[PDB]
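**Q** Here you go, query-v3.txt (compact mmCIF, C-alpha atoms and all ligand atoms):
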```txt
# COMPACT_ATOMS: atom_id res chain seq x y z
CA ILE A 1 -2.48 18.08 11.01
CA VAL A 2 -3.78 14.79 9.47
CA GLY A 3 -1.50 11.80 9.91
CA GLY A 4 0.34 12.42 13.16
CA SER A 5 -1.91 10.61 15.64
CA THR A 6 -0.25 8.07 17.95
CA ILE A 7 -0.94 4.44 17.05
CA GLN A 8 -0.10 1.92 19.79
CA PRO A 9 -1.28 -1.65 19.08
CA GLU A 10 1.36 -2.90 21.56
CA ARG A 11 -0.77 -1.40 24.36
CA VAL A 12 -3.70 -3.76 23.66
CA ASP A 13 -3.99 -7.53 24.06
CA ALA A 14 -4.23 -9.30 20.70
CA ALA A 15 -7.49 -11.01 21.70
CA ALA A 16 -9.18 -7.66 22.30
CA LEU A 17 -7.95 -6.39 18.92
CA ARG A 18 -9.22 -9.55 17.20
CA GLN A 19 -12.64 -8.91 18.76
CA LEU A 20 -12.72 -5.31 17.55
CA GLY A 21 -11.81 -6.67 14.12
CA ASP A 22 -14.73 -9.11 14.14
CA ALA A 23 -17.01 -6.24 15.16
CA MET A 24 -15.65 -4.18 12.24
CA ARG A 25 -16.28 -7.10 9.85
CA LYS A 26 -20.01 -6.83 10.59
CA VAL A 27 -20.53 -3.14 9.99
CA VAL A 28 -17.64 -1.50 8.11
CA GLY A 29 -18.47 -1.02 4.44
CA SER A 30 -22.18 -1.71 5.00
CA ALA A 31 -24.97 0.82 4.59
CA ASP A 32 -26.95 2.13 7.58
CA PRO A 33 -23.88 2.48 9.82
CA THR A 34 -23.85 1.38 13.45
CA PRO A 35 -21.93 3.47 16.03
CA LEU A 36 -18.66 1.63 15.34
CA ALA A 37 -19.09 2.17 11.61
CA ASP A 38 -19.97 5.83 12.30
CA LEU A 39 -16.82 6.20 14.42
CA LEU A 40 -14.57 4.68 11.73
CA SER A 41 -16.28 6.93 9.13
CA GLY A 42 -15.16 10.10 10.90
CA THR A 43 -18.40 10.84 12.69
CA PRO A 44 -18.35 11.64 16.42
CA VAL A 45 -20.19 8.97 18.41
CA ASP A 46 -21.76 8.62 21.85
CA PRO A 47 -19.48 6.46 24.05
CA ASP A 48 -22.41 4.59 25.60
CA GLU A 49 -23.80 3.35 22.27
CA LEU A 50 -20.25 2.46 21.27
CA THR A 51 -19.95 0.47 24.50
CA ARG A 52 -23.16 -1.42 23.74
CA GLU A 53 -21.68 -2.46 20.39
CA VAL A 54 -18.08 -3.30 21.38
CA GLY A 55 -18.42 -3.79 25.14
CA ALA A 56 -16.66 -1.96 27.92
CA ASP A 57 -13.48 -3.91 27.12
CA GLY A 58 -13.61 -2.87 23.45
CA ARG A 59 -14.11 0.83 24.18
CA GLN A 60 -10.88 1.00 26.25
CA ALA A 61 -9.05 -1.02 23.59
CA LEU A 62 -10.15 1.63 21.10
CA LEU A 63 -8.63 4.27 23.38
CA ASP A 64 -5.45 2.42 24.36
CA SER A 65 -4.58 1.64 20.73
CA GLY A 66 -5.27 5.17 19.48
CA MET A 67 -8.20 4.09 17.28
CA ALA A 68 -10.43 6.46 19.25
CA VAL A 69 -10.02 9.73 21.17
CA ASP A 70 -12.12 10.81 24.17
CA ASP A 71 -13.61 14.28 23.55
CA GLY A 72 -15.48 14.10 26.85
CA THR A 73 -18.98 14.13 25.39
CA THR A 74 -18.11 12.08 22.28
CA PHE A 75 -15.57 9.68 20.81
CA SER A 76 -13.92 10.35 17.46
CA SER A 77 -11.40 8.53 15.34
CA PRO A 78 -8.43 9.89 13.38
CA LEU A 79 -8.59 6.72 11.23
CA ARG A 80 -11.07 5.44 8.64
CA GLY A 81 -12.19 1.84 8.21
CA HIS A 82 -12.35 -0.28 5.07
CA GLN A 83 -13.34 -3.83 4.30
CA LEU A 84 -12.12 -5.39 1.06
CA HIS A 85 -10.79 -8.71 -0.23
CA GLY A 86 -11.49 -10.44 3.06
CA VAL A 87 -9.67 -8.03 5.39
CA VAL A 88 -10.60 -5.00 7.47
CA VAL A 89 -8.17 -2.08 7.30
CA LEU A 90 -7.75 1.26 9.04
CA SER A 91 -5.92 4.11 7.36
CA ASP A 92 -5.77 7.88 7.41
CA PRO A 93 -8.66 9.77 5.82
CA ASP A 94 -8.23 10.91 2.22
CA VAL A 95 -7.32 14.62 2.53
CA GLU A 96 -5.55 17.21 0.43
CA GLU A 97 -1.77 17.30 0.30
CA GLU A 98 -1.61 20.60 2.21
CA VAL A 99 -2.95 19.15 5.48
CA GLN A 100 -0.91 15.91 5.47
CA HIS A 101 1.53 15.29 8.33
CA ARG A 102 4.95 13.93 7.36
CA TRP A 103 3.79 10.51 8.65
CA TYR A 104 0.47 10.54 6.76
CA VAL A 105 -0.40 7.04 5.48
CA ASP A 106 -1.79 6.26 1.99
CA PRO A 107 -5.60 6.33 2.51
CA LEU A 108 -5.98 3.38 0.06
CA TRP A 109 -5.93 5.49 -3.11
CA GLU A 110 -5.20 2.47 -5.34
CA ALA A 111 -5.05 -0.56 -3.01
CA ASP A 112 -8.35 -2.10 -4.15
CA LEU A 113 -7.37 -1.84 -7.81
CA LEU A 114 -3.85 -3.15 -7.19
CA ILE A 115 -5.11 -6.21 -5.31
CA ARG A 116 -7.21 -7.09 -8.37
CA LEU A 117 -4.13 -6.74 -10.64
CA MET A 118 -1.98 -8.99 -8.44
CA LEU A 119 -1.32 -12.53 -9.64
CA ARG A 120 -3.54 -14.89 -7.69
CA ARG A 121 -0.78 -17.43 -7.01
CA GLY A 122 0.61 -18.00 -3.54
CA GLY A 123 4.01 -19.17 -2.42
CA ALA A 124 6.60 -19.30 0.33
CA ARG A 125 7.64 -15.81 1.42
CA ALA A 126 6.42 -12.37 0.34
CA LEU A 127 7.74 -8.83 0.78
CA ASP A 128 5.52 -5.71 0.81
CA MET A 129 7.88 -2.79 0.21
CA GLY A 130 6.42 0.46 1.53
CA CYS A 131 3.62 -1.35 3.29
CA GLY A 132 1.79 1.79 4.48
CA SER A 133 -1.44 0.69 6.20
CA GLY A 134 -0.37 -2.92 5.58
CA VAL A 135 -3.29 -3.60 3.24
CA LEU A 136 -1.33 -5.50 0.59
CA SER A 137 0.49 -7.57 3.23
CA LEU A 138 -2.82 -8.52 4.83
CA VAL A 139 -4.21 -9.91 1.57
CA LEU A 140 -0.97 -11.77 0.73
CA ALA A 141 -1.07 -13.34 4.21
CA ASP A 142 -3.91 -15.66 3.13
CA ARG A 143 -1.77 -17.45 0.54
CA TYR A 144 1.86 -16.99 1.66
CA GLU A 145 3.56 -18.87 4.47
CA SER A 146 5.03 -15.61 5.74
CA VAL A 147 4.80 -11.94 4.72
CA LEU A 148 7.22 -9.15 5.62
CA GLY A 149 6.12 -5.53 5.18
CA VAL A 150 8.69 -2.73 5.37
CA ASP A 151 8.20 1.01 5.72
CA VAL A 152 10.42 3.98 6.59
CA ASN A 153 7.37 5.69 8.16
CA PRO A 154 7.25 4.40 11.78
CA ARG A 155 3.57 5.30 12.08
CA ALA A 156 2.81 3.10 9.06
CA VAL A 157 4.68 0.22 10.75
CA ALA A 158 2.49 0.67 13.84
CA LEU A 159 -0.70 0.93 11.79
CA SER A 160 0.24 -2.21 9.86
CA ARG A 161 0.82 -4.09 13.11
CA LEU A 162 -2.57 -2.90 14.38
CA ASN A 163 -4.38 -3.90 11.19
CA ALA A 164 -2.76 -7.36 11.30
CA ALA A 165 -3.96 -7.82 14.89
CA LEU A 166 -7.48 -6.61 14.08
CA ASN A 167 -7.61 -9.39 11.49
CA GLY A 168 -6.05 -12.02 13.76
CA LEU A 169 -3.31 -12.54 11.18
CA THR A 170 -0.24 -14.17 12.71
CA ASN A 171 2.04 -14.91 9.72
CA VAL A 172 2.69 -11.22 8.92
CA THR A 173 5.63 -9.23 10.25
CA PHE A 174 6.41 -5.51 9.84
CA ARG A 175 9.75 -3.73 10.16
CA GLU A 176 10.76 -0.08 10.15
CA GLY A 177 13.57 0.77 7.80
CA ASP A 178 14.96 2.15 4.57
CA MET A 179 13.98 0.08 1.51
CA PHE A 180 15.66 -3.36 1.62
CA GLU A 181 17.83 -2.93 4.69
CA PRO A 182 15.44 -4.65 7.17
CA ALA A 183 14.52 -7.37 4.60
CA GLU A 184 16.94 -10.25 5.14
CA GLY A 185 17.17 -13.10 2.65
CA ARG A 186 15.28 -13.73 -0.56
CA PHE A 187 11.57 -13.68 -1.34
CA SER A 188 9.34 -15.52 -3.75
CA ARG A 189 7.05 -12.49 -4.12
CA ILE A 190 7.75 -8.76 -3.92
CA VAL A 191 5.03 -6.10 -4.21
CA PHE A 192 5.68 -2.34 -4.31
CA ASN A 193 2.94 0.29 -4.51
CA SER A 194 5.65 2.84 -5.18
CA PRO A 195 5.55 6.43 -3.91
CA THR A 196 5.87 7.99 -7.35
CA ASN A 197 3.44 10.22 -9.16
CA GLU A 198 4.03 13.67 -10.65
CA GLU A 199 7.32 14.65 -9.00
CA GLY A 200 9.71 13.36 -11.68
CA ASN A 201 13.17 13.08 -10.13
CA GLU A 202 12.44 15.31 -7.13
CA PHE A 203 11.98 13.97 -3.62
CA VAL A 204 8.87 15.72 -2.29
CA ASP A 205 7.82 13.51 0.63
CA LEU A 206 7.38 9.86 1.60
CA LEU A 207 4.43 9.55 -0.82
CA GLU A 208 6.18 11.31 -3.75
CA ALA A 209 9.79 10.21 -3.38
CA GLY A 210 11.11 10.66 -6.91
CA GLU A 211 12.51 8.27 -9.49
CA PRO A 212 15.62 7.55 -7.31
CA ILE A 213 13.44 5.38 -5.07
CA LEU A 214 12.65 3.24 -8.13
CA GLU A 215 16.32 3.06 -9.11
CA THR A 216 17.27 1.81 -5.63
CA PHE A 217 14.39 -0.67 -5.66
CA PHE A 218 15.17 -2.15 -9.05
CA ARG A 219 18.95 -2.16 -8.60
CA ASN A 220 18.53 -4.29 -5.47
CA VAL A 221 15.61 -6.46 -6.63
CA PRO A 222 17.78 -9.15 -8.31
CA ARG A 223 19.67 -9.99 -5.14
CA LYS A 224 16.42 -10.14 -3.11
CA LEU A 225 14.33 -12.27 -5.48
CA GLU A 226 14.20 -16.05 -5.26
CA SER A 227 14.72 -17.75 -8.59
CA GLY A 228 11.31 -18.06 -10.20
CA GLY A 229 10.05 -15.21 -8.04
CA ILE A 230 7.53 -12.54 -8.99
CA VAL A 231 7.77 -8.74 -8.57
CA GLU A 232 4.77 -6.43 -9.01
CA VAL A 233 5.11 -2.61 -8.95
CA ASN A 234 2.64 0.25 -9.30
CA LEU A 235 4.59 3.23 -10.60
CA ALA A 236 4.67 6.46 -12.56
CA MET A 237 7.23 6.56 -15.38
CA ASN A 238 8.82 9.53 -17.16
CA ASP A 239 10.01 9.20 -20.76
CA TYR A 240 12.31 11.99 -21.94
CA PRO A 241 13.39 12.60 -25.56
CA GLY A 242 16.19 10.14 -26.25
CA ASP A 243 15.76 8.76 -22.70
CA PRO A 244 12.78 6.43 -22.16
CA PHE A 245 12.13 5.03 -18.70
CA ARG A 246 12.33 1.44 -19.99
CA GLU A 247 16.00 1.78 -20.93
CA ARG A 248 16.97 3.05 -17.48
CA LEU A 249 14.88 0.24 -15.99
CA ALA A 250 16.76 -2.35 -18.05
CA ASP A 251 20.06 -0.92 -16.79
CA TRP A 252 18.97 -0.93 -13.14
CA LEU A 253 17.71 -4.54 -13.21
CA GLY A 254 20.63 -5.86 -15.23
CA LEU A 255 18.08 -7.56 -17.46
CA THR A 256 20.57 -9.60 -19.53
CA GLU A 257 23.13 -10.09 -16.76
CA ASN A 258 20.53 -11.44 -14.31
CA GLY A 259 18.34 -13.22 -16.88
CA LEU A 260 15.09 -11.46 -15.98
CA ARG A 261 11.86 -10.87 -17.85
CA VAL A 262 9.83 -7.70 -17.34
CA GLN A 263 6.43 -6.71 -18.67
CA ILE A 264 5.11 -3.16 -18.34
CA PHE A 265 1.35 -2.61 -18.63
CA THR A 266 0.71 1.08 -19.33
CA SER A 267 -2.71 2.41 -18.31
CA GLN A 268 -2.49 6.23 -18.44
CA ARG A 269 -0.22 8.53 -20.44
CA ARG A 270 0.13 12.21 -21.22
CA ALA A 271 2.49 14.43 -23.20
CA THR A 272 4.86 16.38 -21.00
CA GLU A 273 6.60 19.75 -21.15
CA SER A 274 9.98 18.33 -22.26
CA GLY A 275 8.30 16.89 -25.34
CA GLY A 276 8.44 13.56 -23.47
CA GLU A 277 5.76 11.56 -21.73
CA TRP A 278 4.33 10.71 -18.31
CA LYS A 279 2.85 7.25 -17.76
CA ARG A 280 1.19 5.35 -14.95
CA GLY A 281 1.26 1.60 -15.13
CA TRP A 282 1.85 -1.81 -13.59
CA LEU A 283 5.19 -3.62 -13.93
CA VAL A 284 5.65 -7.39 -13.48
CA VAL A 285 8.87 -9.41 -13.21
CA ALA A 286 8.00 -13.08 -13.70
CA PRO A 287 9.76 -16.16 -15.11
CA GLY A 288 9.98 -16.31 -18.88
CA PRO A 289 12.03 -15.26 -21.90
CA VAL A 290 14.70 -12.73 -20.92
CA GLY A 291 13.96 -9.11 -21.81
CA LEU A 292 11.42 -6.30 -21.61
CA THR A 293 7.96 -5.88 -23.16
CA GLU A 294 5.58 -2.92 -22.90
CA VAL A 295 1.87 -3.15 -23.70
CA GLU A 296 -1.17 -0.90 -23.37
CA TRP A 297 -3.74 -2.03 -20.79
CA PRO A 298 -6.24 0.65 -19.75
CA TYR A 299 -7.05 -0.99 -16.45
CA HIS A 300 -7.97 2.33 -14.79
CA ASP A 301 -10.77 2.74 -17.35
CA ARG A 302 -11.82 -0.89 -17.01
CA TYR A 303 -11.77 -0.70 -13.21
CA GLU A 304 -14.12 2.29 -13.33
CA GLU A 305 -16.66 0.50 -15.52
CA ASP A 306 -16.52 -2.86 -13.72
CA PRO A 307 -14.14 -4.25 -11.09
CA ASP A 308 -14.16 -7.85 -12.34
CA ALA A 309 -11.54 -7.84 -15.10
CA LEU A 310 -9.04 -9.11 -12.55
CA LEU A 311 -6.52 -11.00 -14.76
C1 LIG B 1 1.74 4.74 -3.28
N1 LIG B 1 1.50 5.17 -4.67
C2 LIG B 1 0.60 6.37 -4.73
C3 LIG B 1 0.11 6.31 -6.14
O1 LIG B 1 -0.81 5.24 -6.24
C4 LIG B 1 -0.56 7.62 -6.63
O2 LIG B 1 -1.76 7.84 -5.93
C5 LIG B 1 -2.58 8.83 -6.59
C6 LIG B 1 -3.10 9.79 -5.52
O3 LIG B 1 -2.03 10.55 -4.97
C7 LIG B 1 -4.13 10.77 -6.05
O4 LIG B 1 -4.63 11.49 -4.90
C8 LIG B 1 -4.66 12.84 -5.13
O5 LIG B 1 -6.11 13.20 -5.38
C9 LIG B 1 -6.91 12.98 -4.17
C10 LIG B 1 -8.34 13.27 -4.46
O6 LIG B 1 -8.45 14.45 -5.24
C11 LIG B 1 -6.37 13.85 -3.02
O7 LIG B 1 -7.23 13.81 -1.85
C12 LIG B 1 -4.95 13.39 -2.72
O8 LIG B 1 -4.39 14.12 -1.59
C13 LIG B 1 -4.12 13.59 -3.92
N2 LIG B 1 -2.74 13.20 -3.66
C14 LIG B 1 -5.26 10.06 -6.76
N3 LIG B 1 -6.15 11.04 -7.34
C15 LIG B 1 -4.73 9.15 -7.86
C16 LIG B 1 -3.71 8.14 -7.34
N4 LIG B 1 -3.21 7.37 -8.48
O9 LIG B 1 0.34 8.74 -6.44
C17 LIG B 1 0.67 8.90 -5.02
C18 LIG B 1 1.30 7.63 -4.40
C19 LIG B 1 1.33 7.95 -2.88
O10 LIG B 1 2.63 7.57 -4.86
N1 LIG B 2 12.98 4.51 1.56
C1 LIG B 2 11.68 3.99 1.83
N2 LIG B 2 11.80 2.77 2.38
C2 LIG B 2 10.68 2.07 2.75
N3 LIG B 2 9.44 2.61 2.54
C3 LIG B 2 9.33 3.85 1.98
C4 LIG B 2 10.43 4.55 1.62
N4 LIG B 2 10.05 5.75 1.08
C5 LIG B 2 8.69 5.76 1.11
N5 LIG B 2 8.25 4.60 1.66
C6 LIG B 2 6.87 4.24 1.92
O1 LIG B 2 6.16 3.79 0.58
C7 LIG B 2 4.87 3.73 0.87
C8 LIG B 2 4.11 4.09 -0.45
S1 LIG B 2 2.35 4.14 -0.09
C9 LIG B 2 1.75 2.45 -0.39
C10 LIG B 2 1.11 1.91 0.92
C11 LIG B 2 0.45 0.55 0.76
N6 LIG B 2 1.33 -0.45 0.20
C12 LIG B 2 -0.77 0.70 -0.11
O2 LIG B 2 -0.83 0.04 -1.18
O3 LIG B 2 -1.71 1.48 0.25
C13 LIG B 2 4.65 4.77 1.96
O4 LIG B 2 4.08 4.21 3.08
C14 LIG B 2 6.11 5.27 2.22
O5 LIG B 2 6.32 5.76 3.62
MG MG B 3 2.67 14.72 -0.49
```
Is it possible to express this structure as structure tokens?

**A**
Amino acid sequence: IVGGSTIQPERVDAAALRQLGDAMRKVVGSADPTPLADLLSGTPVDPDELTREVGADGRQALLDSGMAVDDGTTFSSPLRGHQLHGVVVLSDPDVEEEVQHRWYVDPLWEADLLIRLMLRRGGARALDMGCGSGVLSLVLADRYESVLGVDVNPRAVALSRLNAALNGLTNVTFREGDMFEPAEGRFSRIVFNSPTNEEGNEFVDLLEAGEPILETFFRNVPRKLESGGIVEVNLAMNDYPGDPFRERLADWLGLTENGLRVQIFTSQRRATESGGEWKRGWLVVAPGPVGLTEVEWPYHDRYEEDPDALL
């Protein structure tokens, strides 16, 4: 029921979308919301006051793109607006798992934290695997010559395209497909906010896809990464007695065979039923001495006390 709305940025001229994006820049994320900020907060709004804020040509762009729905008396939006790290972003509202459509898009559960963890370097060509709303691609666009975002959710591809247009970003491309199959060539930068959490090995849905999605990602990383490239992954990791995640990870990447260096920064951990362990952390592949290192970095705790310990 949440996450199935039609999103059609192709039905709106890019100049009209850029203007809606500039209007969002003024009001989204600011106290004392205007009608447009009310609309993109999930509050029904009077179409006339909307029109006075975005014009008569913005109101129809809201409708043609799917950003807004005509209820007759009011306008309402299935999407919610954010402004962070120099971009405006629409995504689905944060709702419980039981009311999520199969094409529900990550409502930015961790995006703001992950952007602060990301290395601040730029480079030639970046890949956003599982791009969702497109948020990570939009931020990378400001320091990469081109960015490709990939998602198997076609609604996320459409939302990403819409968010790119709202921001007037022209060096970002999005493609529908399964993992690396639409990503041709090599990349200097690969980011993956992985759909893994509490499901262990089980595929539950596109947002909890099981460890096999990590195995496919890491097995194919070495042939997609430019030499000297950087990979950054948000992931949940399961250690089992006699079978720690890090050993499987070393096998998937071919650490020695491909000459790669990996660092795992573990932020949260808990004992599990098997006598093993669940962990959430941040994994970086970056040039340096071959092998694997794991360190404790409670960045969730630090984020909650002060978002400023970037890196
Ligand atoms: C893309 N990666 C992500 C990953 O970051 C990570 O996100 C979780 C996120 O699910 C958790 O939301 C959960 O609680 C919310 C509020 O109570 C509910 O409203 C959500 O419905 C519910 N799911 C969040 N509390 C803590 C995040 N760390 O697991 C999923 C992922 C899709 O795989
Ligand atoms: N086989 C697959 N290939 C490509 N993308 C996949 C996939 N399985 C799941 N995904 C996508 O992985 C994404 C994880 S959600 C992360 C969204 C975004 N990067 C953000 O940080 O908010 C989802 O959009 C999901 O549809
Ligand atoms: Mg789910």

**Q** Show me which residues sit within 9 Å of ligand MG 3 (chain B) when counting only C-alpha atoms and all ligand atoms, and put them as a VMD selection string.

**A** chain A and resid 96 to 98 100 to 102 104 204 to 209

**Q** Check which residues fall inside 7 Å of ligand LIG 2 (chain B) when counting all atoms listed in the file, and print them as a VMD selection string.

**A** chain A and resid 105 to 111 128 to 136 150 to 153 156 177 to 179 192 to 195 206 to 207 209 213

**Q** Extending 6 Å beyond the listed atoms of ligand LIG 1 (chain B) on each side, what axis-aligned box results? I want centre and edge lengths in Å to one decimal, as JSON.

**A**
```
{"center_x": -2.9, "center_y": 9.6, "center_z": -5.0, "size_x": 23.1, "size_y": 21.7, "size_z": 18.9}
```

**Q** Counting only C-alpha atoms, which residue out of A:50, A:89, A:191, A:285 sits closest to residue A:68?

**A**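 Answer, going by the shortest atom-to-atom distance: A:50.
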
**Q** Record the distance separating atom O5 of ligand LIG 1 (chain B) and atom CA of residue A:41, expressed in Å with one decimal.

**A** 18.8 Å

**Q** Around (-4.3, -10.2, -7.1), as given in the file, which residues come within 12 Å? Count only C-alpha atoms and list them as a compact mmCIF listing (two decimals) with C-alpha atoms, keeping the file's coordinate frame.

**A**
```txt
# COMPACT_ATOMS: atom_id res chain seq x y z
CA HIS A 85 -10.79 -8.71 -0.23
CA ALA A 111 -5.05 -0.56 -3.01
CA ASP A 112 -8.35 -2.10 -4.15
CA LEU A 113 -7.37 -1.84 -7.81
CA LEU A 114 -3.85 -3.15 -7.19
CA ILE A 115 -5.11 -6.21 -5.31
CA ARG A 116 -7.21 -7.09 -8.37
CA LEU A 117 -4.13 -6.74 -10.64
CA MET A 118 -1.98 -8.99 -8.44
CA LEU A 119 -1.32 -12.53 -9.64
CA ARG A 120 -3.54 -14.89 -7.69
CA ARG A 121 -0.78 -17.43 -7.01
CA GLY A 122 0.61 -18.00 -3.54
CA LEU A 136 -1.33 -5.50 0.59
CA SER A 137 0.49 -7.57 3.23
CA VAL A 139 -4.21 -9.91 1.57
CA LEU A 140 -0.97 -11.77 0.73
CA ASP A 142 -3.91 -15.66 3.13
CA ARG A 143 -1.77 -17.45 0.54
CA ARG A 189 7.05 -12.49 -4.12
CA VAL A 191 5.03 -6.10 -4.21
CA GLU A 232 4.77 -6.43 -9.01
CA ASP A 308 -14.16 -7.85 -12.34
CA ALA A 309 -11.54 -7.84 -15.10
CA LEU A 310 -9.04 -9.11 -12.55
CA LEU A 311 -6.52 -11.00 -14.76
```

**Q** Could you pull the residues within 9 Å of stretch 25-34 of chain A, counting only C-alpha atoms, minus those fewer than 4 positions along the same chain, as JSON, numbers by chain?

**A** {"A": [20, 21, 38, 39, 40, 41, 50, 53, 81, 82, 83, 84, 86, 87, 88]}

**Q** Which polymer residues have any atom within 12 Å of an atom of residue A:59, counting all atoms listed in the file, with same-chain residues fewer than 3 positions away left out, as number ranges by chain?

**A** A: 12, 16-17, 19-20, 23, 35-36, 39, 45-56, 62-70, 75-76

**Q** What's the separation between atom CA of residue A:279 and atom CA of residue A:225, in Å to one decimal place?

**A**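 If I compute the distance from atom CA of residue A:279 to atom CA of residue A:225, I get 25.8 Å.
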
**Q** Restricting the calculation to all atoms listed in the file: of A:237, A:138, A:164, A:221, which residue gets closest to ligand LIG 1 (chain B)?

**A**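 The answer is A:237, which sits nearest to ligand LIG 1 (chain B).
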
**Q** Choose the residue, out of A:160, A:220, A:293, A:196, that has the smallest atom-to-atom separation from ligand LIG 1 (chain B); count only C-alpha atoms and all ligand atoms.

**A** A:196

**Q** How would you write as a list in words the residues that get within 8 Å of (-12.2, -15.0, 10.5) in the file's frame, counting all atoms listed in the file?

**A**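 Output of the proximity query reads residues 22, 167 and 168 of chain A.
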
**Q** Using all atoms listed in the file, which of A:144, A:297, A:282, A:252 sits nearest residue A:215?

**A** A:252
